[PDB]
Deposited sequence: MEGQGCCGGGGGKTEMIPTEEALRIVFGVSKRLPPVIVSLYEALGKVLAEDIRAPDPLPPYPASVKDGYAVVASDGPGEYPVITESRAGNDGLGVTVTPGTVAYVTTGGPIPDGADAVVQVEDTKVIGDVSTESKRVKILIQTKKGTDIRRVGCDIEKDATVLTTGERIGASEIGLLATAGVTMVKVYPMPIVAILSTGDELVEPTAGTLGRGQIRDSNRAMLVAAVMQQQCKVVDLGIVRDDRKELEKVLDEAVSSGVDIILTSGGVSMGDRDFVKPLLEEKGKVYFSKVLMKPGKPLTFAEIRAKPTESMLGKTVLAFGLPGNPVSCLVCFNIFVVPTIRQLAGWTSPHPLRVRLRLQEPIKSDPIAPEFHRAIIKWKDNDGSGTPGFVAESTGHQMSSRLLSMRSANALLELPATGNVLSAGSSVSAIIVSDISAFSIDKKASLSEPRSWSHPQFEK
């Protein structure tokens, strides 16, 4: 039995970033860049107006002037020189004609006569409301770097730089199976004696889908050593990067996941000091030429299964996908109610957290409510839980208002407000 901190260090040290691939612009969204991106031309590539108005010679000052050209885009005003005593109409983003050195916004002008004459109402300064060439992005500047995750603004920067095929780290492909003679499919209606619906598989498929990985659903496997070996061998040779099993890892006489992973590869650990999730097994299998496949023998209890996924599998998926910061967000928060910690193992207590203007202490902060009974068979304890409170193994009652560390397990930008 090892502490969670050691089990995580072992998984981190074994897990390796996947080889990079080339994907299309929209396939790059959510992925980590595997190359730097440099601007092939400046932004703007021409001196551009910041305003709708008139391009002027700043030293002319207020007065009435003829409008000698109009510039909105492309070749508008090409070959025209704005000289002292003239002006040109411009729209925001329009190229500034040669000779003009400032822009006066349309609100500081007045059209005169029934042609093309305008009264400039202010004294402007050279460079006003003009974006010089390369103002926003210089030619050859690095706009994105290796190791940077691609979000909507990074997609915008790739499109600005004319990059439509991108080198990125791919997401791992994950195989998932359930084990047990007591399981039936979730489509089952009336249950026979000693049967339950398989809930872990669909839960894990959804959890892997939220991590943006492809899923290989290998179904229900019975408590038969030869049958489980065949499905594991088929998963290892299929090209997946991670295999997730659940169940078949306790102390029963038909629990074959641990001995099969010891036979096929290297089991680094099979027991972790934590509440819930004690029988977690982690192994590295080499596929026959070749490549490595990581295997997590997740506990069968629905709570322990999801908690082990959230703590151990999520950072592994991220490390394989090239994240330089794969750890989950940990924050400090105040308890809204008393919680008894466990005397033996540190507990990952499920909670519903929210940011409050007053966290109970007079300053704003996160607060947590327990999801109720924490029994590992009670999947209702995971319902709505956006965090796991890290309770040390003291056995004491942590009073309401005391502070604890919490791992945030669901989209902090999708948090329901107080």
Note to self, deposited ranges with zero CA coordinates are 1-15, 130-133, 309-313, 443-460
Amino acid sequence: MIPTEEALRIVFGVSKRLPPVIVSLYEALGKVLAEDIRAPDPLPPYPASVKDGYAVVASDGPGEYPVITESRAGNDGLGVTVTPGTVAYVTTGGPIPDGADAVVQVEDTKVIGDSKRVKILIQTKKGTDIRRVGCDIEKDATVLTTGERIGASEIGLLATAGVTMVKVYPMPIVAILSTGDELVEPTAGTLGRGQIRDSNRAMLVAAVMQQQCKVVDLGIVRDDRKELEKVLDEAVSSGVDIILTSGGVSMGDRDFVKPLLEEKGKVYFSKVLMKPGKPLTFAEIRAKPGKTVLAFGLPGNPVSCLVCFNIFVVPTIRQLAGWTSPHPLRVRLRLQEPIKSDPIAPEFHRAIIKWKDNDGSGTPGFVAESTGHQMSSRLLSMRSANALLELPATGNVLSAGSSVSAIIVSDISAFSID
From here on, numbers count along this sequence of modelled residues.
Averaging the C-alpha temperature factors as deposited, the higher value of 354-362 versus 37-45 falls on 354-362
Higher avg CA temperature factor (276-284 vs 220-228, as deposited) belongs to 276-284
Among 113, 300, 151, 147, highest Cα B-factor in the entry goes to 113
Top Cα B-factor in this entry, restricted to 342, 241, 138, 253, sits on 342
Chain-relative C-alpha B factor for residue 330 (record values, thirds): the middle
On the chain's distribution of Cα B-factors, residue 258 falls within the third called middle
So, residue 65's CA B-factor, relative to its chain, sits in which third? The highest
In terms of its chain's C-alpha B-factors, the third that includes residue 347 is the highest
Quick tally, chain-level thirds of C-alpha B-factors: residue 57 sits in the highest
